[PDB]
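Residue numbers (the deposited numbering), protein chains in the order written: chain C, 74 to 193, 199 to 360, 532 to 588; chain A, 74 to 193, 199 to 360, 532 to 588; chain G, 74 to 193, 199 to 360, 532 to 588; chain E, 74 to 193, 199 to 360, 532 to 588; chain B, 7 to 147; chain H, 7 to 147; chain D, 7 to 147; chain F, 7 to 147. Backbone N, C-alpha and C define an ideal beta-carbon position, used for all residues, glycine too.
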Ligand SMILES: Cc1cc(C)c(NC(=O)[C@H]2C[C@@H]3CC[C@H]2C3)c(C)c1
Ligand SMILES: Cc1cc(C)c(NC(=O)[C@H]2C[C@@H]3CC[C@H]2C3)c(C)c1
Ligand SMILES: Cc1cc(C)c(NC(=O)[C@H]2C[C@@H]3CC[C@H]2C3)c(C)c1
Ligand SMILES: Cc1cc(C)c(NC(=O)[C@H]2C[C@@H]3CC[C@H]2C3)c(C)c1
Ligand SMILES: [K+]
Ligand SMILES: [K+]
Ligand SMILES: [K+]
């Protein structure tokens, strides 16, 4: 197994390469992001007339680079994962599971490149392809930024509903009132739909200025309703931002409570002792080891609590027992002397 | 009572249907919200000329759906509530109490539909009706989003007053100064009212761009006052958003302290024992049970506190008593030996 | 002193009237605020042409109301304060101290009204007068909203400086870069001053749209610098808003710790006992009472702390002493038996 | 050394002058900031035509003031630092280390002034020079506002990445959709680049209003995507602002825990005792002093913790030992009597 | 007349006519009936109605407690919150067998006969489920 | 001369001429007058004026305390805050009978004669209500 | 049949046929095998599976624990989190010698023979590094 | 050679050649020199350098401590922070007399002769003010 020892050292470099996407993700991920971003910006600039043809040849030479880099990196990742512990077979299936829909778009874009070169709107199609690629490469860590956002927005669902609802109510009131205020003076507000559009650009504080009140009643209504609702169209940002800061601060304190050594160390031991009940060279005995394993798992999840919430009652019980022992001592002392 | 047993199982399905609006409110409430929303958007689109007549027939066929659905659901809710524990009579009155002004608008819109069909501005009237319906269906949980908003805004009343006041002061200063700056160059600022309007769209950061300074003094004043007051017109959103996040985080921790079992269990017992003083097959005795009930209610509201604020003093008292017992033991030991 | 007893009951109604501005300030303060506000809005509307003359007679009849109401309320407040405990003399001076510059403007506006009526720009002068009145009536509680704002902004001075500074740096970079980008294409950016103006309306997100980039380089610079600095021009609102919420939450918890009864009760007693050393019918003895007074004042300011920060060490000392007593007991027990 | 005693009192005034930039930085730093700011604003006004020539002579007379003030203050600071403890030599090098690139620009601008006067675009060059000066004088405290910003933004990197990413995704979706919606009706959206520009001014809520949707489909897409993404382009301000407030509040509490006297006092003693092992008139002995020094340094860094996190376990250990002593006492009492 | 009957009960505690009930007077009457409260339990009981904080109950405080019983809205809400601890469905119901387990196994456990009377008094449904919010109104009426 | 009279009082505590007052010197003079402070009360008293933190009072600290008494603004504010605890109306008034209850029933209770002198000294209104903020200025003058 | 074998083990604890296991029944069987748990350790063990909170284990709770062992996802995650405490690289590896130090020097230390069997069972790499996440799946299978 | 001299000191503690220093070995050498540490002080000392957390010091940990002394940047910063506690001006100076008070009156007080040597070693200015940041660099060099 000496050649297979070189094979294992191969996997050593293979996992060492696995290190870069996870640990020092900075350089690799950024360079690949620049690849995708450059393709995007060059497509955009190819749309505009000023620089068109040279951008076209650059697009060709860079889409070759895209396809070859992705082709290389497909094999790179597939083999870079667990080579034989995540072996080529059914775990092979699980390497090309759903989220390698990225790989699927890779393959179909290979076909797109081949069609462009030898085979023969189109540009929009290719652009979309680059945008699907954009998405995937900026998200292949399963649920990531999405998971964080979802958790936090779910946490503040109750307040968010209020903000949304009240804001919407204010919008449809304001639009209607102003529409009535000058449906006859302004050609702008010729329809309630026009007023609703004006309301959407007056509440969010965009204010294109394409449609503005002209009557001194319309101006007053716009002013009042703007002052009243603009704030509501700006709450969700405030709530979410503050929730993020709170969560960050909380989690840094929770991790700062790094007390974990002994509970974590004991949990592995209780798990090994339970497991070895069924394979050691050495039912009621097993049931006892399961109960001890469950005690050790909890002690460990109590260090995933900051061990402070239960501590108040913990020390109460300790002090109460001390006082009970003191009472007992005194009582028995009386029973010894006086009787 | 076997037919009445089937009647009770009827109420079983009746309360099971009650479950959906409260528990899994998602689907039912959303579908009904889509009904109302679709009616609204179709009315809006009926205002604009592009799609008018087909929207008109769709409006007719959908307002029939509105009226029939609401007619069904009136009976559905009225009977779906406590069928005979919230019995048809005086509790009947309380089922059609004030907030079923929703039911009142239902009934009057039934009449509106009948007037449109056989009986014979109008469109605005109907639109308003849909908006009252909009309000009610998005708010029939008594005080809900409104109650939460009111509580939080009341809590931060002091800061909010400051924001409002200072912002207003800055607005009326700035408008006046700029008006003086170019009441003669710009036709825009021909009145202090014009300047105030400009100030309302310059402070909130809407900036329609219909009225802008043109003199290099006006520009400087606008710049300075914008930099100084824009922030003030954006505080209320910040304060409210942060208050929401704080309240959310606080209440999740408070509920996370789910210690409640024993105090809650003992409270029901002290209440039953007090109640049964006056009806059990079994005045001073009652007075004692009232005092114990009040002790049990507090212990229970102390678990609606996170049992931490009083705990510091609680354990102090415990430890002090332990030390007092130690002192007593030592003293009596001396009195036993030395004397 | 029976007529003077009716005089004292007069002061009873006099202080009862004092109650309304402080306690249930709502109605009185709001009505007077409406007086001032109505005068303001009517002046504004008098500027515009649509409603001019009728607004003029309304202005006359309402400025009489202003002057008579303020004349009444001057005496009302002056006598409503401590009638003879804040007696008419040198405390009279302190009743008409500086902040009754409000009274000074009252008096001079009396003269203005007299000049308008019998005596004979002017309108701007009167408007300013109403604005000074506006300020005072919305601020006669010495330092109020101003004091709160100052405290909080001072607390976050360090972060605010950063926001201001970095924002300013970004502004002057961006303006300069874009100015160079199209000082030749756009007539808009014909001067660096023009660019700075554009930058002031592009950073704060007002965006009048009077001056916008037209070259594809200018657009890119504007986009990048906007994305980079807009956030900085919106930090101060965020910091202040969050600081307000934090302070509100903190102070509600601090007041929720209403433990104060006994320390507050003992402080008055130690103060009376110290004071009575020098006047009771009953130097070293006084020095002891001063030391006890100072201990009682601190215990009282420790309840203006939430009695939690020192409590950790407090109970440590208690428990340490208990353990020391336990050690001593054990030691002496050995010395009693073994020796 | 009496003349050198006057030299030392010179350094006394020299360090007393050092006090003003650090302690009461207000007046000196502000006046110098006004110098730089006035030069800037006068340059800007020199660009515009209204006031040009008089601004030119003022520019000359004020740039002389700039150069002479900076020349004075170079020597002032260089000598004002440690005169001979930061002596003129190799520490001289470290006085003119990198960040005195400010001094370098000083010197080269001396040459610029000389070139303008006797030696002979130019104006832009000089302007840039004033901006480099601007930067340095508003930042010569090594890492300052920059360091604070970097720390906080790094702390919230995870949330910030989410905000950035999702916002960007929404931007490129929205721009593309609207571009497709009216690439044929509006001349505005004639290129996807045009749409992207519109998206940059529609997401950040600037809204120049130069390019707005005109088709009722474009308006709907713009409305929806604005409502969905505007919030994302406003999160970073919210997160950063809240993080600043949290950090401020936290650090004020941490410093409010000013318990430090004894641990800080003992640390200096253990350090002196260790140091004096190798020079006192008085290896294993040294190793013991190193261990005690390390214990004293930690006790001191435990007061740079708020001594609360470890205190829960600290007092647990104390109470546990008390109870263990109580158990031992009881046990030995039994062994004394019963045996 | 209701006030006079409360006064006569109050005077059994305050036999000396001092107008106050301390732990001595309260605990003495209780132990005469065969109860055995602790000193800390007697202090907690008095503290629930002692506004003066001096460790006594006076007649106005006694009368207020006796007139009020459990009829106040705070009592109705807290008792209903206690049942809801044991209502995981959130439908306002609790099983007869689950009520029986909680009443006889937690806290100051009810005897079998006590809990039998309690389940008899609730109008139990045919399934065996108890609507506890109408049970709370019968104790708060 | 006022400084010399403070020095003569200071020397009664510090009879050895060491320039310091410890718990021994302070507590010895106090018990000679029939007071009985605890050790923890003597430590608290010294700690209020011991800036050096070494458990002593020196003459500069003694003189500062004696010159200041209660005249400082911190004392006026805190005493006024203590009265406000018992002013629920917020009008700056407290009833003579309510002041009497608090003074004789809470804390280090005043005797009847002490509290009689205190109510005599406040210029009580005819209703029986005391303006305590002018009572605070008389003790801080 | 698996349920009947669990029932027969459960009946060794509950020899009286009462359908419950208290600290008496649990601790008695344990000490018969030469174990010496404390009372507080017996309470912790029962509390991990006692949903009724009355200090007992009934057969449904016993059967659930026995059927589940460590196969649940909570167990797999927490065990993997415990290994990660000792994986500073974050690469999912731990050295054989570092595993040996932690197992025999922390907590309820493994004997040499126990830890020898544990390192034999992990498919150790030629370097001497252990992939503990596949070690966790073997104990959770 | 410096490593060998550290090894010879390390072997005075670990006289058995076990490669470790426990509280027994450390405290025994200390008491032979007439020191009297407590058990809790010996545990704190070992814990400052015991990365294995098993209550011992091994030679690599001993060598690291001896090679480093106070030269590290953490030591320079913390010592400078300790002086700054007593520098209210914030100018980096402390009076000779104030240094003398703190050194002989707080903490593990220096003797007069110790503090005399300390003030002699600082290059005191003619006023009597000590620049403690250059005092910190002399102890960290
Ligand atoms: C009326 C209205 C007003 C607003 C500001 C929004 N937008 C949000 O609430 C944002 C916060 C999260 C992240 C994107 C959404 C959801 C919506 C949907 C409706
Ligand atoms: C001057 C001014 C500035 C602003 C931002 C507002 N708006 C608010 O204060 C909002 C916070 C709550 C929710 C809608 C209101 C109230 C007002 C009324 C006046
Ligand atoms: C560059 C710049 C950017 C901004 C947002 C501001 N405005 C603020 O900082 C506000 C917070 C308080 C309340 C009004 C001020 C001060 C300033 C002055 C300068
Ligand atoms: C998409 C997008 C949206 C936004 C708001 C930003 N801006 C930020 O995130 C600001 C927070 C710090 C301070 C200036 C930056 C960094 C960026 C870069 C990209
Ligand atoms: K805008
Ligand atoms: K705009
Ligand atoms: K605009």
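Chain A contact residues for residue 562 of chain G, given Cβ-Cβ distances below 8 Å: Position 313 of the third chain, counted from the start, is the residue given in the question as residue 562 of chain G. Per Cβ cutoff of 8 Å: no residues; residue 562 of chain G is ~12 Å from chain A at best.
Residues bridged to residue 99 of chain H (per DSSP): The count along the sixth chain starts at 1 and reaches residue 99 of chain H at position 93. Assignment of beta-bridge partners to residue 99 of chain H by DSSP yields H:137.
Residue 172 of chain C, buried or exposed, once every other Cβ within 10 Å from all chains shown has been counted against 16: For the purposes of this step, residue 172 of chain C is taken as the residue at position 99 of the first chain. Sixteen is the threshold: since fewer than 16 other Cβ atoms of the shown chains lie within 10 Å of the Cβ of residue 172 of chain C, the residue is exposed.
Near ligand 2: residue 314 of chain G beta-carbon under 7 Å from a heavy atom: Numbered from its first residue, the third chain carries residue 314 of chain G at position 236. Result no, Cβ not under 7 Å from ligand 2.
Alpha carbon of residue 74 of chain E to alpha carbon of residue 146 of chain E, nearest angstrom: Within the fourth chain, residue 74 of chain E is the residue found at index 1, counting from 1. Within the fourth chain, residue 146 of chain E is the residue found at index 73, counting from 1. One C-alpha to the other measures close to 29 Å.
C-beta neighbour in chain G for residue 322 of chain E, strict 8 Å: Along the fourth chain, read from residue 1 onward, the residue named residue 322 of chain E stands at position 244. Judged by the 8 Å Cβ criterion, residue 322 of chain E is in contact with chain G.
Proximity test, residue 284 of chain E beta-carbon vs ligand 6 heavy atom, cut-off 7 Å: Position 206 of the fourth chain, counted from the first residue, corresponds to residue 284 of chain E. Yes; taking the cut-off as 7 Å, the Cβ of residue 284 of chain E has a heavy atom of ligand 6 nearer than that.
From E:113, E:251 and E:548, residue whose alpha carbon lies closest to that of residue 302 of chain E: Mapped onto the fourth chain, residue 302 of chain E falls at position 224. When E:113, E:251 and E:548 are compared, the shortest CA-CA separation from residue 302 of chain E is found for E:251.
8 Å contact criterion, which residue 230 of chain A and residue 318 of chain A should meet: CB distance rounded: Looking up residue 230 of chain A in the second chain gives position 152. Looking up residue 318 of chain A in the second chain gives position 240. Going by Cβ atoms, the distance from residue 230 of chain A to residue 318 of chain A rounds to 6 Å, so yes, they are a contact pair.
Chain B contacts made by the region 324–353 of chain A, where a contact means CB separation under 7 Å: 338, 339, 340, 342, 343, 344, 345, 346, 347, 349, 350, 352 and 353
Interface flag, residue 136 of chain B vs chain A, CB-CB below 8 Å: Here residue 136 of chain B is taken as the residue at index 130 of the fifth chain, counted from 1. It does not: the Cβ of residue 136 of chain B has no partner Cβ on chain A nearer than 8 Å.
Delimiting residues of the alpha helix (DSSP H) encompassing residue 314 of chain G: Counting from 1 along the third chain, the entry for residue 314 of chain G is found at position 236. Taken as a continuous stretch (DSSP letters only), the alpha helix (DSSP H) holding residue 314 of chain G covers 313–334.
Boundaries (first-last residue) of the alpha helix (DSSP H) holding residue 81 of chain D: As a first step, residue 81 of chain D is located in the seventh chain; it is residue number 75 there, counting from the start. For residue 81 of chain D, the enclosing alpha helix (DSSP H) has its first and last residue at 79–91.
Proximity winner among H:75, H:55 and H:42, relative to residue 144 of chain H (alpha-carbon distances): Taking the sixth chain and counting its residues from 1, one reaches residue 144 of chain H at position 138. Residue H:75 is the option with its Cα nearest to residue 144 of chain H.
Within chain C, the residues that residue 81 of chain D reaches when beta carbons sit closer than 7 Å: Residue 81 of chain D sits at position 75 when you count from the first residue of the seventh chain. What residue 81 of chain D touches in chain C: 546.
Residue 178 of chain G in three-state terms, based on DSSP: Taking the third chain and counting its residues from 1, the one referred to as residue 178 of chain G is at position 105. Per DSSP, reduced to three states, the secondary structure at residue 178 of chain G is helical.
Burial state of residue 260 of chain A (16 or more Cβ within 10 Å): In the second chain, residue 260 of chain A corresponds to position 182, counting from 1. Looking at its Cβ environment, which holds 16 or more other Cβ atoms inside 10 Å, residue 260 of chain A is buried.
Residue-level contact to chain F via CB, residue 542 of chain E, 8 Å cutoff: Here residue 542 of chain E is taken as the residue at index 293 of the fourth chain, counted from 1. Closer than 8 Å to some Cβ of chain F, the Cβ of residue 542 of chain E qualifies, so yes.
Contact under 8 Å by Cβ, residue 338 of chain G with residue 59 of chain B: Your numbering for residue 338 of chain G matches position 260 in the third chain. Your numbering for residue 59 of chain B matches position 53 in the fifth chain. Contact: no.
Short CB-CB distance (under 8 Å) between residue 287 of chain A and chain E: The residue given as residue 287 of chain A occupies position 209 in the second chain. Residue 287 of chain A has a beta carbon lying within less than 8 Å of a beta carbon in chain E.
Top-ranked residue by Cα proximity to residue 233 of chain A, from A:243, A:320, A:174 and A:554: In the second chain, residue 233 of chain A corresponds to position 155, counting from 1. Looking at the Cα atoms, A:320 is the closest of the given residues.
Min CB distance residue 86 of chain A to chain E below 8 Å: Sequence index remark: in the second chain, residue 86 of chain A carries index 13 (1-based). Residue 86 of chain A does not count as touching chain E.
Near-chain C residues of the region 260–290 of chain A - C-beta to any C-beta below 8 Å: 271, 275, 278, 279, 282, 283, 284, 285, 286, 287 and 288
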